[PDB]
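Quick notes on the structure that follows.
What follows draws every value from the coordinates through simple rules; no lab data is involved. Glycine gets a Cβ as well: all are built from the backbone with ideal geometry, and neighbour counts include every protein chain shown.
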Amino acid sequence: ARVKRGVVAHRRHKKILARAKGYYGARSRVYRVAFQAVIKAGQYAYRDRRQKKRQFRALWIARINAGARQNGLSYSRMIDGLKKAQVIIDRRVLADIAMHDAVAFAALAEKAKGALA
Amino acid sequence: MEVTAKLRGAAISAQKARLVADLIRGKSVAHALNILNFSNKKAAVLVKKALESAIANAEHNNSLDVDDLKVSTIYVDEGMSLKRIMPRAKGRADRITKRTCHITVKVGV
Amino acid sequence: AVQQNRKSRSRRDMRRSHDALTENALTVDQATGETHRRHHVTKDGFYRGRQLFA
Amino acid sequence: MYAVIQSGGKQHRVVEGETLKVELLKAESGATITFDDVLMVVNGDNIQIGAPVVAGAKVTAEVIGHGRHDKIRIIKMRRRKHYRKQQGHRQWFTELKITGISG
Amino acid sequence: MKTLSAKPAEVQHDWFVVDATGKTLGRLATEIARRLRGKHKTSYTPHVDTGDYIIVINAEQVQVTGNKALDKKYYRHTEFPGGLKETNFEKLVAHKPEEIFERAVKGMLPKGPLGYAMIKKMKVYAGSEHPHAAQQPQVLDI
RNA sequence: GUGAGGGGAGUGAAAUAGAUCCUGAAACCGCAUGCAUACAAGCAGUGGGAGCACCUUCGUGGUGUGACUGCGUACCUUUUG
RNA sequence: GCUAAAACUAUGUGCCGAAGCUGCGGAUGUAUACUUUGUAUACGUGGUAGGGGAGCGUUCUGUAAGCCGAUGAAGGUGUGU
């Protein structure tokens with residue numbers, strides 16, 4: 001019962017190459033080089049799915065800080081004031097408000113400094 | 001409605017022939033013929049023969065006028081190679097490859 | 001001495017970037033009207049209103 | 001007007017007529033869900049910032065359906081150690097359409 | 001996608017003029033870098049340039065503390081062997097204060113194409129006059 | 001060039017079934033179309049992300065391209081590493 | 001780059017900061033309870049040498065004188081799922 005490998009092997013190599021398309025030089029043409037490229041891409045994706053949350057939190061904090069300093073407070077003091085006032089709006093929403101609506105962010109800053117004092 | 005001519009099996013490297021091919025690509029037939037006639041390259045003779053055959057095909061089989069004909073397309077492809085052996089010093093042997101090419105030219109109004 | 005790595009097709013093409021050919025200087029000779037190479041006798045032996053052969 | 005709502009451990013800013021995706025909810029397709037824990041409601045110059053929650057605010061929405069997101073591939077590999085692992089993933093979601101906002 | 005990034009086309013750059021008489025170099029440079037990068041706007045995006053144009057006048061009056069005026073050394077190497085050249089703060093401020101400010105700010109700015117583009121928005125002049133009246137800069141105290 | 005090689009006509013169900021002639025994969029090498037690219041330093045990807053071209057149920061859409069930006073020194077074997 | 005510091009000693013308030021902890025959704029091993037069922041509960045789910053368990057796919061024999069097929073099989077090349 002002799003078995004030929006051609007069809008299955010070709011299908012596997014073709015699938016790897018198809019996943020590899022868009023890379024430079026031998027990475028998108030040669031199976032040996034392409035197979036390594038796919039695995040490293042997967043590893044980078046696994047690490048970046050975690051890094052993304054940190055990066056977006058840092059961006060939100062920066063925008064909130066800019067808005068707070070326009071309204072006369074630092075980011076840390078505004079966060080403390082909001083916590084004292086018992087406001088539970090998160091930083092993503094606070095940053096969106098800071099970017100798109102200055103009056104509402106000013107009202108929030110007023111509330112925070114009122115709680116501070 | 002391009003008219004095509006193919007010269008298969010010319011005994012010259014495609015790298016060498018493609019220089020003349022690029023030199024004449026996209027120009028009018030009369031100017032291209034003058035260039036080929038006054039060039040000194042070996043590939044020029046073969047390209048000229050292919051172009052003349054294409055113009056004859058367009059005139060005879062398609063009832064077209066040469067005055068409005070330009071070199072609409074042209075390209076060279078590699079053909080089958082011949083393998084030879086070159087003796088070297090101290091009994092060492094090397095493999096010689098003799099290359100051939102196919103020339104395709106299309107003329108259209 | 002020999003390469004440690006095989007060169008890329010892109011680098012090979014970049015090296016060949018200076019390989020393009022050029023046209024010669026062709027003009028029409030007034031005596032016969034046939035296209036000829038500038039400053040050269042025509043294929044029929046005509047130049048500057050003189051015929052070399054018979 | 002716009003409002004801020006909580007759902008699935010995250011917060012969203014919404015307006016009437018908007019469509020959004022949230023974590024898989026148990027509500028049946030075509031049903032209506034009401035949020036009564038609004039944190040903030042803005043209407044022009046009228047700004048209500050509920051400390052825990054604005055009293056009387058209500059956001060009503062309809063459940064269009066449920067679905068799954070695009071596939072993600074997980075890969076783990078330890079070089080020179082002869083170890084490898086893979087798995088796929090598709091996160092469920094419920095799609096909502098905001099139909100009413102009341103302060 | 002509820003979080004959005006600033007669009008370069010929609011960005012607006014405002015012009016300001018700053019006087020350097022009597023101020024401390026580093027503490028001024030920090031604020032200049034902040035404004036050049038655009039950290040002071042709620043639309044700040046790391047991959048976009050949202051800063052403002054900053055003109056500096058009376059740059060040769062900038063001050064340092066301690067003995068740094070004599071003991072602070074600026075180096076530069078020509079790639080020839082033994083080609084290390086040295087100068088100090090007083091001579092360099094006398095000759096090319098623009099270089100002083102350029103070094104101070106480029107040190108505090110990011111390193112890349114965006115950093116190079118951002119540093120172009122700073123204009124430094126040794127005198128009390130600047131050629132940018134057409135842009136109508138406003139006085140900024142920093 | 002009474003060459004080779006082609007184009008038309010004709011045969012055939014089929015002529016990229018035309019005689020190193022069933023199907024005709026990959027490496028490698030051409031032509032054409034769209035986007036990017038000549039002030040910027042590194043395993044070439046990954047997470048974000050403006051602009052452009054085409055298709056559009058014009059949509060919070062689809063297909064190509066990817067200015068700018070955070071992170072990031074291949075695989076196997078053998079080893080304390 | 002920094003000098004009543006952006007250095008050192010002592011002290012207070014706040015904040016940033018990990019794949020640690022919490023929140024939302026999903027998968028799975030063991031043991032209990034519901035004393036049928038597969039539903040809840042509790043704990044657990046980094047890993048080399050190595051041990052245990054469960055599957056995908058390929059050639060051929062029976063089921064097969066059956067079923068699909070020139071209204072197009074295998075094979076090749078794209079798309080969607």
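Under a 5 Å amide H to amide H cut-off, with H placed in plane at 1.01 Å, what residues pair with residue E:123 once short-range neighbours are removed?
Amide H neighbours of residue E:123: E:54, E:55, E:56.
Just to be sure I understand the model, the point goes 7 Å from the Cα along the line to the Cβ. What's the resulting residue A:1 to residue A:29 distance in nm?
With each label placed 7 Å out from Cα toward Cβ, I get 4.2 nm.
Would you work out the relative contact order for chain A, in percent, from Cα pairs under 8 angstrom that are 6 or more residues apart? The partial results should precede the final answer.
Details: 82 pairs, mean separation 22.2, N = 117.
Dividing the mean separation by the residue count of chain A yields 19 percent.
With axes computed from alpha carbons, what is the tilt in degrees of helix E:97-108 against the longest principal axis of chain E, rounded to the nearest 10 within 0 to 90?
Between helix and principal axis, roughly 60 degrees.
Please give the charge dipole size of chain D, origin at the Cα centre, charges +1 on K and R Cβ atoms and -1 on D and E Cβ atoms. Round to the nearest 20 debye.
Values: 17 positive and 10 negative charges, 359 e Å.
The dipole of chain D has a size of about 1720 debye.
Just the ratio, please: alpha-carbon radius of gyration of segment E:1-49 over 2.2 N^0.38 Å, N its number of residues. If you can, show how the numbers build up before the last one.
Details: Rg = 13.9 Å, N = 49, 2.2 N^0.38 = 9.7 Å.
Scaled against compact globular proteins, the figure is 1.44.
In percent, how large is the relative contact order of chain B, given Cα pairs closer than 8 Å and 6 or more residues apart? It would help to have the intermediate numbers written out before the result.
Working: 197 pairs, mean separation 47.1, N = 109.
It rounds to 43 percent for chain B.
Please work out the FRET efficiency for the pair residue D:76 and residue C:25, using the Cβ-Cβ distance as r and a Förster radius of 51 Å; give the result to the nearest 0.05. Could the numbers behind the result be given before it?
Values: r = 69 Å, r/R0 = 1.35.
Efficiency computed from Cβ-Cβ geometry: 0.15.
Measure up B:98/C:7; B:16/B:48; A:53/A:84; A:84/A:113; E:39/E:121 against 18 Å on the Cα-Cα distance and list the ones that go over.
Working: B:98/C:7 23 Å; B:16/B:48 15 Å; A:53/A:84 26 Å; A:84/A:113 10 Å; E:39/E:121 15 Å.
Among B:98/C:7; B:16/B:48; A:53/A:84; A:84/A:113; E:39/E:121, the Cα-Cα distance tops 18 Å for B:98/C:7; A:53/A:84.
Over chain E, what relative contact order in percent results from Cα pairs under 8 Å that are six or more residues apart?
On the way: 206 pairs, mean separation 47.3, N = 142.
Result for chain E is 33 percent.
Note down the magnitude of the dipole of chain E about its Cα centre, charges +1 on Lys and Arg C-beta and -1 on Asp and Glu C-beta and zero elsewhere, to the nearest 20 debye. The partial results should precede the final answer.
Details: 22 positive and 16 negative charges, 112 e Å.
Magnitude of the dipole: close to 540 debye.
Label 7 Å along Cα→Cβ of residue E:94; segment E:46-73 residues with amide nitrogen under 20 Å?
E:58-73
How far, in degrees from 0 to 90, does helix B:29-38 lean away from the longest principal axis of the Cα atoms of chain B, to the nearest 10?
40
Please give every one of the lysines within straight-line cross-link reach of residue E:85, meaning a C-alpha to C-alpha distance under 23 Å, and leave out same-chain neighbours fewer than 8 residues apart.
E:68, E:72, E:73, E:96, E:106
Would you work out the Kirkwood radius for chain E? I mean one over the mean of 1/r across all pairs of different Cα atoms, in Å. Display every interim value, and only then the final one.
On the way: mean 1/r = 0.0601 Å⁻¹.
Across chain E, the inverse of the average 1/r is 16.6 Å.
Short version: ³J(HN,Hα) in whole Hz for each residue of segment D:28-36, in order, from phi by Karplus 6.51 cos²θ - 1.76 cosθ + 1.60 (θ = phi - 60°), x for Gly and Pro, what are they?
Per-residue couplings from phi come out as 7, 4, x, 7, 10, 10, 10, 9, 10 Hz.
So if I place +1 on the C-beta of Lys and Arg and -1 on the C-beta of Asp and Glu, and nothing else carries charge, what would the dipole magnitude of the protein assembly as shown be about its Cα centre? I want it in debye, nearest 20. Before the final figure, lay out the partial values.
On the way: 100 positive and 48 negative charges, 1089 e Å.
The calculation lands at about 5220 debye.
Classify chain A as rounded, prolate or oblate, taking a ≥ b ≥ c as the square roots of the eigenvalues of its Cα gyration tensor: rounded when a/c is under 1.5, otherwise prolate if a/b is larger than b/c and oblate if not. Before the final figure, lay out the partial values.
Values: a/c = 5.27, a/b = 4.13, b/c = 1.28.
It is prolate, given that a/c is not under 1.5 and a/b is the larger ratio.
For segment D:7-19, in order, what is each residue's ³J(HN,Hα) by Karplus, 6.51 cos²θ - 1.76 cosθ + 1.60 with θ = phi - 60°, in whole Hz (x at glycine and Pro)?
6, x, x, 9, 10, 9, 9, 9, 10, 5, x, 7, 10
Using alpha carbons only, what's the Rg to Rh ratio of chain C with Rh from Kirkwood?
On the way: Rg = 22.5 Å, Rh = 15.2 Å.
Result for chain C is an Rg/Rh of 1.48.
Any idea which of B:66, E:16, B:104 is furthest toward the positive side of the dipole for the protein assembly as shown, if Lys and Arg beta-carbons carry +1 and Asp and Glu beta-carbons -1?
So the residue we want is B:104.
Please find the FRET efficiency linking residue A:18 to residue A:110, where r is the Cβ-Cβ separation and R0 is fixed at 56 Å, and quote it to the nearest 0.05. Walk me through the numbers before you get to the answer.
Working: r = 58 Å, r/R0 = 1.03.
After rounding, the FRET efficiency stands at 0.45.
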